Structures are given as C-alpha cells and as structure tokens.
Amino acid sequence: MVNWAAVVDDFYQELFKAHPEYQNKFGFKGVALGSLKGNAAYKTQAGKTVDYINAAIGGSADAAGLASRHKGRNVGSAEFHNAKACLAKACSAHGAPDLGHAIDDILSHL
C-alpha cells in the first residue's frame, strides 16, 4: 500500500515553507515547521488530508463540498494553484502516484 501519510507530511512542509502566511489560518499557527509532527492540531489536519486523498482515489470524494468549505475560510483559486505544485513535489519524492486530477476537480468549483 502507498504510504500517503508520508506524502502528506512532505506536502505541508513544502506549502508552509513557500507560503508561511497560509499557516496563520490553522490551529497550529506560529509552530516551527520541524515541530509540526508532534503537534495535535497538525496531526488532525494531516489525517483529514490523507482521508480526502484515499477518498478521491477510491471514488467517493466530495469536491464541491471541499471547495465550498475553503471559500468559507476565504481560500480560493490562487492558493490551490500553489498547493497543486507542492503536492506534485511531495509525490515525486516518495515515488507515489500523481494527484493533479484530484486537485483540478476542486479548482473547477472555485
């Protein structure tokens, strides 16, 4: 089985390194990147992201509902363009399958 938990950990490392102001919208605001793996708010967020990935691949993901929830946090197209790039880098690092089609489905509702 693909280790998506390892992929997701690398994705958040990439996203907040390049766009640290995005981290301000989360319950782990202000926590050093090298301390995220022991942080409770981060472990919850990471688990929900792994879940969405396994739902997208297994065929049950609700992209419209995820997009609507991101609009409700004032998170939109520009942020997801950035995320697509960061997640491609994380997948490559681990020899895991590309997830670009899943991200495009979210963008179609933004």
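Each residue number is its position in the shown sequence, starting from 1.
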When the Cα temperature factors in the entry are averaged, is it 100-108 or 3-11 that ends up higher?
100-108
Ranked by mean Cα B-factor in the entry, 88-96 and 17-25, top stretch is 88-96
Selection from 46, 36, 61, 67 [criterion: highest C-alpha temperature factor in the record]:
61
Residue selected from 32, 40, 55, 78 by maximal Cα B factor:
78
